[PDB]
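Here is the structure we will look at, set down as structure tokens.
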Amino acid sequence: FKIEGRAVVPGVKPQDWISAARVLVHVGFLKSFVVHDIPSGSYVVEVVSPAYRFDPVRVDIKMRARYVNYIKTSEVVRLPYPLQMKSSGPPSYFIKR
Amino acid sequence: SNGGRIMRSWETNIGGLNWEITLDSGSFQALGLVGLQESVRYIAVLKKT
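So the protein sequences, as listed, match chains G and A. As numbered in the authors' numbering, residues 45 to 69, 74 to 79, 83 to 112, 117 to 152 make up the first sequence, in order. If you want the authors' numbering, it's the 1-based position in the second sequence plus 100.
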């Protein structure tokens with residue numbers, strides 16, 4: 045089976061950072084986003100980037120990704136369709152004085 | 101890759117993939133790049149079956 049996805053940034057002209065993406069969960077790459088030849092179950096995927104942040108998504112594949124919370128196994132927040140991720144700016148690893 | 105199963109093409113400029121597909125089960129005896137009379141439209145795969 046497989047996993048379709050889009051992985052977008054607001055205005056940052058994606059192509060450049062495509063050189064440093066490697067989606068984990074089975075590994076996939078960018079173009083858009085596809086992961087071939089997996090089994091069916093409850094898998095949590097994330098879009099790795101070293102200079103960006105992407106919130107993970109918990110697919111429970117018929118495809119439905121509801122939410123990752125890790126506390127309450129039984130929960131449904133019904134995310135519509137594949138892995139929209141909102142590219143929440145640059146993560147702040149540096150700290151001021 | 102993967103013993104004949106998976107096939108990918110890249111761009112060689114930025115690292116930007118352009119298309120990936122998957123094949124049947126085999127052993128990948130060999131691969132070639134065929135063109136008919138003046139162009140190279142097609143590619144060929146041989147997997148022992």
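Note that beta-carbon positions come from the ideal geometry of N, C-alpha and C, so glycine has one too.
Neighbour-count burial assignment, residue i, 16 or more Cβ in a 10 Å radius
i                : result
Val67 (chain G)  : buried
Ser142 (chain G) : buried
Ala144 (chain A) : exposed
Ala130 (chain A) : exposed
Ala65 (chain G)  : buried
Neighbour flag for residue i against chain G, beta carbons, 8 angstroms
i                : result
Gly115 (chain A) : yes
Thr122 (chain A) : yes
Cβ of residue i within 8 angstroms of any chain A Cβ
i                : result
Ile112 (chain G) : no
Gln139 (chain G) : no
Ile62 (chain G)  : yes
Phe77 (chain G)  : yes
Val85 (chain G)  : yes
For residue i: DSSP bridge partner residues
i                : result
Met118 (chain G) : DSSP, once it has assigned bridges, lists no residue as partnering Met118 (chain G).
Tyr142 (chain A) : A:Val134
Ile106 (chain A) : A:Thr122
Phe84 (chain G)  : G:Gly49
Cβ-heavy atom distance, residue i to the ligand PLP, below 7 angstroms
i                : result
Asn124 (chain G) : Absent from the structure shown: the ligand PLP. Ligands present: none.
Distance between residue j and residue i (C-alpha atoms, nearest Å)
i                    : j                : result
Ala120 (chain G)     : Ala102 (chain G) : 25 angstroms
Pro135 (chain G)     : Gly115 (chain A) : 30 angstroms
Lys117 (chain G)     : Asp88 (chain G)  : 15 angstroms
residue 29 (chain G) : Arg104 (chain G) : Residue 29 (chain G) is absent from the structure shown; chain G starts at 45 and stops at 152.
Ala51 (chain G)      : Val123 (chain G) : 18 angstroms
Chain D contact for residue i (CB, 8 angstroms cutoff)
i                : result
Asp106 (chain G) : The displayed structure is made up of protein chains G and A, and chain D is not among them.
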